[PDB]
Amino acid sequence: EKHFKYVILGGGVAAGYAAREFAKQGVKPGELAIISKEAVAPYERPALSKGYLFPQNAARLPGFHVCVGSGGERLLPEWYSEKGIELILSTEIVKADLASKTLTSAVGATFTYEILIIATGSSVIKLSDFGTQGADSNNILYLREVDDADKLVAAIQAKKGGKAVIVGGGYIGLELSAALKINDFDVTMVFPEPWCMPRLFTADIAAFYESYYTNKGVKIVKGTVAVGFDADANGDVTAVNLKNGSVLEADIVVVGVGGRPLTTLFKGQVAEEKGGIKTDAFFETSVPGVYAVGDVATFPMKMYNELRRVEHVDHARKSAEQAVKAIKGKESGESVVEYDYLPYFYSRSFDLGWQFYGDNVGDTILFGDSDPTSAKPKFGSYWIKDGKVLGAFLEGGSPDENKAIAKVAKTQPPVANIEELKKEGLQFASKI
């Protein structure tokens, strides 16, 4: 039975960035523990679907421990022990009782706390959820944690030069389709929607990336779903059966069909909304002394005057920081300001890299070029509602251009002339 003044439950992005903030805020040896079911210290999860899969110069632990993903210092296991912050690894909590402030591990150990930070992130929706036949065949893989990534690297090696089917057209789908093609697989991506990345992309943006990918040799099958998987006598996947009637041969299948916030330990004990744990502007739940951050939190997004849940990395880092600031502020008598987040999303495919800021609401225009067979692609999009820019996307931007579009999203400037916005889209951003 161990007690700590502060317990972070989960050892991911938000956990690590919260530890770093606790350090900055003066935490003392013996005050803080992090409990994680993973066997390693907090790391930059984004590396797992990018640099981890590169066929050379790949990312590997301990290189991508937090906080190197945002250009900060690296927090190795030794940083935590030198600060007297205890890492309790390979420990999965299976029961949380918020009244008695007690956590229980699968093996029966118990942990009590005074303040709890719920940083349990998301799990992955699985094809067993859809009732897809044969979905338990071997070499049908999902990607969330570094153990998953290691299985994937192992399959990439064992099936070298084979066929991969990627089930899903979101973030995992785009990144993994690219990764498998770069590792010399024949790759087909399958999804039900009419264009990829429906959670952000417009039809116009999606067409650029889908043409890019098919020019690289990736096949895309839209408007269908998997209905079953053939397997061999060892139970290893051999083929994906589609609802449209097509059967795709496959040595590896990777699935990216959505994440789910891991809130199940807390059902009934805290207020929920939009699938996550409802919080205030300081990441406090409906239970005092219990905070939720990162992917599990539904919080007030001040600039859009709405409750939202964000399932991306920038928010996991900044929410973690805000929570610790609020906790420390409450212990002194000190005021903290309400979280004021600008959504920042990004991804990379092959030699492409885009950034998006703000809100994808209103009607869209493109600017730049747009031609996927251009020497060096560089184009963007503005989302315009009520005469003002609410969202901005840019592929191929310099650091100054990226900062400029972020300033557009943050300040929501009015648009006088649309044709002058489309010719000179970034001149507009730079004048803001």
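Numbers for residues come from their place in the sequence shown, where the first is 1.
Exercise. Would 145-153 or 79-87 have the larger average of its C-alpha temperature factors, as given in the entry?
Worked result: Of 79-87 and 145-153, the stretch with the higher C-alpha B-factor average is 79-87.
For this session: Using only the Cα atoms and their B-factors as the entry lists them, report which of 133-141 and 218-226 averages higher.
Result: Looking at the record's C-alpha B-factors, the answer is 133-141.
Exercise. Among 204, 331, 280, 321, which residue carries the highest C-alpha B-factor recorded in the PDB entry?
Worked result: Out of 204, 331, 280, 321, the record gives the largest C-alpha B-factor to 331.
Problem set entry | Top Cα B factor in the deposited entry, candidates 264, 183, 238, 246 | Result of the comparison over 264, 183, 238, 246: 264.
For this session: Would you mind ranking residue 12 by its C-alpha B-factor against the rest of the chain and naming the third, lowest, middle or highest?
Result: According to the entry, residue 12 has a C-alpha B-factor in the chain's lowest third.
Problem set entry | Among modelled residues of the same chain, the CA temperature factor third for residue 40 | Its C-alpha B-factor belongs to the lowest third of this chain's values.
Exercise. Relative to the other modelled residues in the chain, which third contains the C-alpha temperature factor of residue 124: lowest, middle or highest?
Worked result: It belongs to the middle third of the chain when residues are ordered by C-alpha B-factor.
Exercise. Lowest, middle or highest third of the chain for the C-alpha temperature factor of residue 397?
Worked result: Tercile = middle for this residue's CA B-factor.
Problem set entry | Third assignment of residue 416 from its chain's C-alpha B-factors | It belongs to the highest third of the chain when residues are ordered by C-alpha B-factor.
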